[PDB]
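Asks: Okay, handing you the structure first.
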Amino acid sequence: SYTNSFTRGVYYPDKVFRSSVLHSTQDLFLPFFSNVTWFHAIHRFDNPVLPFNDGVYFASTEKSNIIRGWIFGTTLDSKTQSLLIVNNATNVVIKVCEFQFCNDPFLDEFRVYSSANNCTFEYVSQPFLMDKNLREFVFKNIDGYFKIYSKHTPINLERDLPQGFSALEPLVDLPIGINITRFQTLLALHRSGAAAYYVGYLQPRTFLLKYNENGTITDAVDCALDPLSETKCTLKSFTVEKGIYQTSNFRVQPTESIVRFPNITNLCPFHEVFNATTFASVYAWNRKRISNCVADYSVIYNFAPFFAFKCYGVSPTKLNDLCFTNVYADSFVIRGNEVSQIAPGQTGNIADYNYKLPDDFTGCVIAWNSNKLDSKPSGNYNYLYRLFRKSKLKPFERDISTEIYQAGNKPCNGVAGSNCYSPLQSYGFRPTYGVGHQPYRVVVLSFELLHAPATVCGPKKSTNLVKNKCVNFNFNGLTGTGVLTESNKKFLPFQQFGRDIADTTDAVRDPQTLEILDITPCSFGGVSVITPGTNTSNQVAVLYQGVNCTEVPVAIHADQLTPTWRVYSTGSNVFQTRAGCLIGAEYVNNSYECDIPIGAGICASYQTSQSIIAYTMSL
Amino acid sequence: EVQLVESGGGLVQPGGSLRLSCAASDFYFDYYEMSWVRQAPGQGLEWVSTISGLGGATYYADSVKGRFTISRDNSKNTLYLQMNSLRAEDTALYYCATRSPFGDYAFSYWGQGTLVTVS
């Protein structure tokens with residue numbers, strides 16, 4: 001039996017206290033106005049074991065404790081743990097353990113299973129999730145954490161499913177860490193009757209949920225339904241105005257996500273530069289280049305708390321996500337008077353006669369006080385720095401000119417007379433000194449990124465390669481949604497000719513073995529939704545640009561769509577226009593006044609029954 | 001206000017040797033990296049090789065990896081591309097470009113390009 005589930009089965013995505021918000025989440029939900037299964041009881045059952053794909057939504061309106069159990073398990077025989085929610089009166093508990101559930105899921109003393117095995121985390125929650133009146137429960141599981149819901153609410157007179165909106169309150173979710181592929185329901189029998197098993201299916205589709213300051217959900221849109229409710233979530237609101245708007249490719253939702261960021265597992269000894277025994281001076285520094293590594297910036301702050309850890313260009317907290325190609329590391333030691341002087345654009349003595357960052361520098365400086373490390377009572381003259389030179393320099397101009405400072409008027413060349421000094425000024429370090437003169441060891445990490453295959457990225461793991469399906473790809477930071485195809489393109493074109501003001505990623509370079517991953521849009525078809533406003537009625541239309549009233553069905557993938565939207569993409573009452581094809585209107589041979597500018601001189605209105613019409617812009 | 005002039009090009013034969021030049025006058029940035037690009041009939045543009053300005057890092061494409069060679073001499077500030085063992089799929093317009101390593105993937109400047117026509 002197939003019925004219609006109209007706006008029922010909405011739960012809370014996250015366990016936060018957001019109030020008066022419009023949060024759009026992407027989890028497993030039940031699409032509105034979808035077909036579900038409804039069975040009864042006879043006196044063994046009415047349907048076999050239903051496949052538990054992602055989640056389950058059970059509805060029941062009976063009483064006297066007829067349906068008070070749920071079975072969850074992969075195979076129920078030599079497998080992982082199984083969820084058993086047995087609702088009782090004196091010893092109502094949730095015994096989550098590995099059992100031997102047979103084919104008969106009859107409650108009524110425990111004849112559901114045969115034997116027990118090793119158990120796991122078991123909840124002892126005495127509050128029973130039991131209470132005409134309709135009982136609805138949403139069971140789901142993600143990241144090894146089974147989530148339960150319950151919205152037992154008084155129901156109206158006898159019917160199949162009540163109207164209105166409901167939000168199942170969050171129950172006591174529990175971590176188990178298993179997988180479920182089969183689902184059953186327990187039934188109680190007095191003499192060893194009828195029941196109402198209402199089972200559905202949860203798909204990973206987007207969902208817009210609006211909250212209230214009182215602490216409850218007022219209304220929510222499925223965002224995977226008729227063009228009106230489809231466009232309702234693209235504007236992040238619950239009301240629309242009279243006019244034609246565009247979609248956001250939310251019809252085909254990306255089921256899976258692929259990352260495939262790294263390709264190696266060997267770590268990187270970048271900490272070997274930070275804990276070096278003897279560093280270098282500012283006069284003659286050494287830049288170490290690293291490539292083909294695995295950068296793990298989380299272990300950077302494992303040392304003593306540093307000072308002035310300002311990372312310009314990138315986010316200091318978000319460092320383990322963006323990839324690069326080369327890692328340059330130059331470390332030296334400066335005085336405490338210039339701890340903040342070393343900065344991009346900040347001028348001074350070291351910005352002129354020493355190392356200096358360019359205008360755009362994605363790397364970061366990291367400095368730590370080393371007063372207890374480099375300090376000599378007589379004087380630490382081994383660490384010096386160039387201060388006296390001819391003129392200014394440019395970034396990355398390491399000079400090792402060991403000559404006499406000769407910017408004066410007369411060529412001293414050894415005598416060191418007027419305007420003649422030593423370039424490398426040897427300033428000493430001593431323990432008995434102030435904090436302003438303490439030595440600070442500073443390393444300048446440089447993250448060089450070129451138009452080359454990735455060599456060193458973040459420490460994230462890898463995913464599976466999914467093909468021929470609308471997925472979400474995040475290979476090398478090009479976070480997008482589409483389908484990956486294997487085209488005959490021998491080389492990957494560099495999309496930089498016309499500066500790519502408005503151009504999407506047509507293809508990506510596979511970080512794994514050499515492949516051609518061309519990116520294709522899942523379903524765009526140039527869909528435009530003409531909403532006359534929810535205040536008037538709930539009837540909209542559709543427009544498709546670049547079709548011939550016959551190619552639109554095979555272009556928007558009408559086969560992989562909801563049955564409610566299929567009727568709005570048929571060949572009936574279609575009209576060929578100079579900008580595409582109009583579907584869902586009646587082309588009137590006459591015109592009165594232009595109200596809704598569909599396009600190319602075509603204007604629509606909403607008059608009487610009340611429906612969308614089609615005409616031209618007569619002047 | 002800078003430019004990248006090129007020199008050298010014409011009809012050649014398969015399995016030969018060719019030298020392409022890329023010079024500049026007002027360009028003095030040391031960290032700006034250099035690169036070559038090729039435009040062939042039918043397709044658009046394809047990257048050939050890249051010399052990083054931070055150090056001595058050189059990188060080639062997948063087809064011209066062990067075939068061509070590059071040399072970025074900073075004494076007179078000029079780039080040279082020596083193409084040996086010219087195959088059939090080498091007739092194209094070659095352009096020299098310069099881009100900053102820190103930033104987007106788009107090239108900062110272009111060149112005049114030379115037509116390498118393999119007989």
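Just so it is clear, none of the values below were taken in a lab; they were calculated from the coordinates. Positions of Cβ are backbone-derived with ideal geometry, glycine not excepted, and every protein chain shown enters the neighbour counts.
Asks: Once the Cβ-Cβ distance between A:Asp399 and A:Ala276 is put in as r, and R0 is 30 Å, what FRET efficiency do you end up with, to the nearest 0.05?
Replies: Working: r = 23 Å, r/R0 = 0.75.
For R0 = 30 Å, the calculated efficiency reads 0.85.
Asks: Run the lone-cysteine check on chain A: no other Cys C-beta under 4.7 Å from the residue's C-beta.
Replies: Result for chain A is A:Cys102, no neighbouring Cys Cβ within the cutoff.
Asks: Need one value for A:446-454: mean number of C-beta atoms belonging to other chains within 10 Å of its residues' C-beta atoms.
Replies: Partner Cβ neighbours, averaged per residue: 6.
Asks: If we count every other residue with Cβ under 13 angstrom of A:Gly313's Cβ, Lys/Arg +1 and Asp/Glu -1, where does the sum land?
Replies: Numbers: positive: A:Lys310, A:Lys318; negative: A:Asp359, A:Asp360, A:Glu448, B:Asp104.
Once positives and negatives cancel, what remains is -2.
Asks: Near the amide H of A:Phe6, under 5 Å away, which other amide H atoms are found, from residues 5 or more places off or on another chain, if H is placed in the peptide plane?
Replies: The answer is A:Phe33.
Asks: Counting only other chains, what is the mean number of Cβ atoms within 10 angstrom of the Cβ of each residue in peptide B:60-69?
Replies: 1
Asks: Taking θ = phi - 60°, what integer Hz values does the Karplus form 6.51 cos²θ - 1.76 cosθ + 1.60 yield along region A:320-325, in sequence order, with x for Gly and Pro?
Replies: For region A:320-325, the Karplus curve yields 8, 10, 7, 9, 9, 10 Hz.
Asks: Add -39500 (n - 2.57) for each DSSP H run of 4 or more in chain A, then divide by its residues: what number comes out at 222 nm, to the nearest 500 deg cm²/dmol?
Replies: Numbers: 5 runs with 22 residues, N = 619.
For chain A, the value works out to -500 deg cm²/dmol.
Asks: Residues with beta-carbon under 9 Å from that of A:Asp399, excluding A:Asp399: net charge, scoring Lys, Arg +1 and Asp, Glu -1? Don't skip to the answer; put the middle values down first.
Replies: Values: positive: A:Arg386, A:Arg389, A:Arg398; negative: A:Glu397.
Result for the local shell: +2.
Asks: A further question on this structure: Taking the Cβ of each residue in A:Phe146, A:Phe33 as the centre, tally the other Cβ atoms inside 10 Å and list the residues starting with the fewest.
Replies: On the way: A:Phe146 21, A:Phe33 15.
Result, fewest neighbours first: A:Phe33, A:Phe146.
Asks: Hey, if you put +1 on the Cβ of every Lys and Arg and -1 on every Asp and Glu Cβ in region B:5-114, which of B:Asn77, B:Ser108, B:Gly16 ends up farthest toward the positive end of that dipole?
Replies: B:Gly16
Asks: Another question about this same structure. Which entries in the list A:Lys140/A:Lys469; A:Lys410/B:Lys76; A:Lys15/A:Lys467 go over 26 Å, if you measure between the two C-alpha atoms of each?
Replies: Table pairs above 26 Å Cα-Cα are A:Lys410/B:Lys76; A:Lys15/A:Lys467.
Asks: Moving on. For A:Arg135, A:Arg430, A:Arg260, which order do you get if you count the other beta carbons within 10 Å of each Cβ and list the fewest first? Before the final figure, lay out each step's value.
Replies: On the way: A:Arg135 22, A:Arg430 15, A:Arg260 19.
With the fewest neighbours first, A:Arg135, A:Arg430, A:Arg260 line up as A:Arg430, A:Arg260, A:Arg135.
Asks: Over all directions, average the projected area of the Cα convex hull of chain A and note it in nm². Let's see the in-between values first.
Replies: Numbers: hull surface 177.8 nm².
Across all orientations, chain A yields a mean hull projection of 44.5 nm².
Asks: For A:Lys318, list the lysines whose Cα falls under 22 Å from its own Cα; do not include residues on the same chain fewer than 8 positions away.
Replies: Qualifying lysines at Cα under 22 Å: A:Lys310, A:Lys460, A:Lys461.
Asks: Output ³J(HN,Hα) for region A:394-402: one whole-Hz value per residue in order, computed from phi by the Karplus curve 6.51 cos²θ - 1.76 cosθ + 1.60 with θ = phi - 60°, and x for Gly and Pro.
Replies: 10, x, 6, 9, 3, 10, 10, 5, 9
Asks: Looking at the protein assembly as shown only, what percent of DSSP beta bridges run antiparallel? Nearest 5 please. Kindly include the intermediate steps, with their values, before the conclusion.
Replies: On the way: 139 of 150 bridges.
Expressed as a percentage, antiparallel bridges in the protein assembly as shown total about 95.
Asks: 5 Å is the cut-off here: which amide hydrogens, built 1.01 Å from N in the peptide plane, fall below it relative to A:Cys97, excluding neighbours closer than 5 in sequence?
Replies: Correct list: A:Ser82, A:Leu84.
Asks: Further question: May I ask you to compute the full-extension gain from A:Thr608 to A:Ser378, defined as 0.36 nm times their residue separation minus their alpha-carbon distance, rounded to one decimal in nm?
Replies: 72.8 nm
Asks: While we're on this one: Explain nothing, just compute: Karplus ³J(HN,Hα) = 6.51 cos²θ - 1.76 cosθ + 1.60, θ = phi - 60°, for every residue of region A:428-433 in order, whole Hz, x for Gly and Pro.
Replies: x, 10, 9, x, 6, 7
Asks: In region A:217-319, if the dipole is taken from +1 on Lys/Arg beta carbons and -1 on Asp/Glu beta carbons about the Cα centre, which of A:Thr234, A:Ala220, A:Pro262 is farthest to the positive end?
Replies: Highest projection toward the positive end goes to A:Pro262.
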